[PDB]
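Which chain is which? The protein sequence lines are A and D, in order.
Going left to right, the first sequence walks through residues 11 to 54, 123 to 487 as PDB author numbering numbers them.
Going by PDB author numbering, the second sequence opens with residue 4, and the numbers climb by one from there.
Don't be surprised by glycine CBs; every beta carbon is placed ideally from N, CA and C.
Heads up, the thing below is written out as structure tokens.
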Amino acid sequence: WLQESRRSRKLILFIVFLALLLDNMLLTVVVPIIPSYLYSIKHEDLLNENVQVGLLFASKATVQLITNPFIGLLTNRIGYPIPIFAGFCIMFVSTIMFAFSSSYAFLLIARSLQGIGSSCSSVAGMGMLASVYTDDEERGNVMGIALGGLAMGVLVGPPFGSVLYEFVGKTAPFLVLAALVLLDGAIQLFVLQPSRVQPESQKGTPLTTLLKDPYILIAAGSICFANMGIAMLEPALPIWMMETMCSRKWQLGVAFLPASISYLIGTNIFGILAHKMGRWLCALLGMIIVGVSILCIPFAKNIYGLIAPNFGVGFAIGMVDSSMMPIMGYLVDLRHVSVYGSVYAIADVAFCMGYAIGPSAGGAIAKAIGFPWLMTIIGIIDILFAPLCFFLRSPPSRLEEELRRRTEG
Amino acid sequence: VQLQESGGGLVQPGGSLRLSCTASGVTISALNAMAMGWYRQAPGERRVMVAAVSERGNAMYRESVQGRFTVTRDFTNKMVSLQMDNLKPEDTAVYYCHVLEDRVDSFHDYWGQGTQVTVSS
């Protein structure tokens, strides 16, 4: 057919794109559906039973966070495609579970398996995408496309779930979604064909050494703070809007829509703009624009007042992510051994920590401290961390550091 | 991989001298992959690094030699060379040539014949 084998290496791009699409679709659709099921079942330790609502998000977030490094080691331990297929199967089993699912304790187990699959895919597919694309500009382009797929998934999720749920009922958004997962697996089984183990030719650097590299840490912190911006912004915007704006129910999706559209636009154009213009300066501008936008958000007074800053923050987080994703591969190729699993695991740890500590901590900080103060402190953190991206202009090579050490002693 | 060099001599303090090390036994591409410089050893003293260059073209001079030495590596002529503009009596040492190749973890080092320079006091 169109792909008898990996005749086009863009087939791997398509695989990763649709995998991330389906993963964030599972992540987003269940969010408004959990409270309805929980309330209906409860109608038909109470403080614990209330904070367990946020424990829903915390479950997937923490499972992903814990699971990333083990998958990163596993990829170069035995090979790339097998973790992708295993994470596929785990995600499919979880997806089949959510629906038949009823009991709360089983639902948490289901979404924990979802997190296992999400982490495994986001590590293995990303690493294999980096490995097949050794060219810097092409790697940046394909990584921007994959992040654009992530953003488009998180944009399409909520209405896709809501329309089917309101049309048929409970299992409708889940069964067809699992069928799309099965179609992905039918593609994968012939595209990858991992019917034999492929041990890695070159041994990987220890993970502890990577955490000692300052530039990897700078890029990881940039990604972490930029994602924590929108992650913290997600819960607290509707409640503050209801408190001060005297608003209604339906403005919420329209108000957050600019952020997702701008994310989708940013991650697909800045993949090709960054290499032409410069990754470090792109990251610096992204951080600065994130800070300005988040600073401007509390000062607004009408919905039209919030239209512009959400567009700005989406655009800027898109720049930061699409410019700092391939710099991990660039650095590990420049001054380390060419194995990308561990470094991309670190990058995804930074990515997921924001979603992990966003909702609950932001709610608590809003409870004890003014929400405008939350936005201002986030903006201050972003602005003060922005100049640290300057160090990524021309990193020294491993030979240079060896010579520096030999001059020291 | 074999290398050659020339230089050395006796001169009063304040003079000038030029040292050049040649690498004609290895190809240009492998020469670019490697890193090279000039070694230094004194009677009854250990090696302490003075000036080396790499494919970044960055030379980390030792703290006391900044400005005193001048080193340049040729990517085409296969020569690493040193130029120096000032002398002091504390320069009693013997200078060697060397290379590093860090694609292997052992970074196989190959030394040159070496040159000795002493300064009258």
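Item: For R16 (chain A), three-class secondary structure by DSSP; Value: coil
Item: Beta-carbon proximity of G407 (chain A) to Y418 (chain A), cut-off 8 Å; Value: yes
Item: Inter-residue Cα distance where the pair is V141 (chain A) and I194 (chain A); Value: 6 Å
Item: Check whether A208 (chain A) and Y422 (chain A) have beta carbons under 8 Å apart; Value: yes
Item: Neighbour list for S475 (chain A) in chain D, Cβ cutoff strictly below 8 Å; Value: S57, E58, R59
Item: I308 (chain A) classed as buried or exposed, judged by whether at least 16 other C-beta atoms fall within 10 angstroms; Value: buried
Item: Nearest candidate by alpha-carbon position, reference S279 (chain A), set A:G441, A:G227, A:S416; Value: A:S416
Item: Heavy atom of the ligand FMN within 7 Å of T75 (chain D) beta-carbon; Value: Among the components modelled here there is no ligand, and therefore nothing to report on the ligand FMN.
Item: Cα-Cα separation, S46 (chain A) to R274 (chain A); Value: 45 Å
Item: Beta carbon proximity, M87 (chain D) to chain A, threshold 8 Å; Value: no
Item: Backbone CA spacing between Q130 (chain A) and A139 (chain A) [nearest angstrom]; Value: 14 Å
Item: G364 (chain A), buried or exposed, once every other Cβ within 10 Å from all chains shown has been counted against 16; Value: buried
Item: Proximity of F135 (chain A) and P437 (chain A) at Cβ, strictly below 8 Å; Value: yes
Item: Sequence-distant residues of its chain with Cβ nearer than 8 Å to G12 (chain D) (five each side left out); Value: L20, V120
Item: Burial state of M355 (chain A), where buried means 16 or more other Cβ atoms lie within 10 Å; Value: exposed
Item: Burial state of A428 (chain A) (16 or more Cβ within 10 Å); Value: buried
Item: Below-8 Å beta-carbon distance, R65 (chain D) vs any chain A residue; Value: yes
Item: For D411 (chain A) and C360 (chain A), the rounded distance between their alpha carbons; Value: 21 Å
Item: Distance CB(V56 (chain D))-CB(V74 (chain D)) smaller than 8 Å; Value: yes
Item: Short-range partners of chain A found in the stretch 91–104 of chain D, where Cβ spacing is below 8 Å; Value: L103
Item: Contacts around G10 (chain D), its chain only, beta-carbon distance under 6 Å, and the 5 residues preceding and following it disregarded; Value: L22, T118
Item: Three-state class that DSSP yields for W11 (chain A) in the structure shown; Value: coil
Item: Pick from A:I366, A:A442, A:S190 that is closest to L462 (chain A), judged by C-alpha positions; Value: A:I366
Item: Terminal residues of the alpha helix (DSSP H) in which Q130 (chain A) lies; Value: 124–156
Item: Residue range of the beta strand (DSSP E) that includes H101 (chain D); Value: 96–103
Item: Own chain partners of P251 (chain A) with C-beta closer than 6 Å, once the 5 adjacent residues on each side are dropped; Value: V39, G239, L242, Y243
Item: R21 (chain D) - partner residues in DSSP beta bridges; Value: D:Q86
Item: Cβ-Cβ distance between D426 (chain A) and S137 (chain A) below 8 Å; Value: no
Item: Rounded C-alpha distance that separates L295 (chain A) from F468 (chain A); Value: 13 Å
Item: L13 (chain D), enclosing beta strand (DSSP E) - first and last residue; Value: 12–14
Item: Residue range of the alpha helix (DSSP H) that includes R217 (chain A); Value: 214–245
Item: Beta carbon proximity, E127 (chain A) to chain D, threshold 8 Å; Value: no
Item: Where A164 (chain A) sits in the DSSP three-state scheme; Value: helix
Item: Backbone secondary structure at residue 134 (chain D) - three-state DSSP; Value: As shown, chain D starts at 4 and ends at 124. That puts residue 134 (chain D) outside it, with no answer to give.
Item: C-beta neighbour in chain A for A33 (chain D), strict 8 Å; Value: no
Item: Chain-ordered chain D contacts of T485 (chain A) [CB-CB under 7 Å]; Value: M52, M63, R65
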